[PDB]
């Protein structure tokens, strides 16, 4: 992957006005994130969860299902954020499986690149890797895979930087 700064005028998840976007963001990220989305408030259906993850439980399936079946959403954005307390090198004992399992697996699978980086740059890399893995795994959900095969769904990854108030798309 590479990071591409977004231009707010032409975001990949808004090539046409009027349609609703499922925005999947993190519980410890603020509203300030959506100011970098390129979407007006009335085009946003917002799921906000631990580490902007979708794990295969009833909440992920029901939210995906309602978004596709009732709102006929054609775009999903997974928005990670720099400074995230959940997608970081600090392993918090209060964080349950499978959220903790996803993060352990990322740390082991990407050990080579992560091992060469100090704390702040390591945590930024882990936010980005978490967004990529969430985008890849949501594409393999049964409901998303059938929509993608009809070219009736796109899933996008982005990272928001609180400090610069800018978003970066994962390409």
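Numbering follows the first chain given and starts at 1.
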Mean temperature factor over C-alpha atoms, higher-scoring stretch between 21-29 and 6-14 | 6-14
Quick note on 131-139 and 104-112: per-entry mean CA temperature factor is higher in 104-112
Would you mind finding, among 86, 76, 71, 93, the residue with the largest C-alpha temperature factor in the entry?
-> 93
Which one, 159, 163, 155, 148, has the peak C-alpha temperature factor per the PDB entry?
-> 163
For residue 125, the third of its chain by CA B-factor is the lowest
Considering only modelled residues of the same chain, in which third does the CA B-factor of residue 50 rank: lowest, middle or highest?
-> lowest
Based on the entry's values, in what third of the chain does the Cα temperature factor of residue 39 lie: lowest, middle or highest?
-> middle
Chain thirds by Cα B factor, record data; residue 58 belongs to the middle
Third of the chain's Cα B-factor distribution that residue 67 belongs to, per the entry = lowest
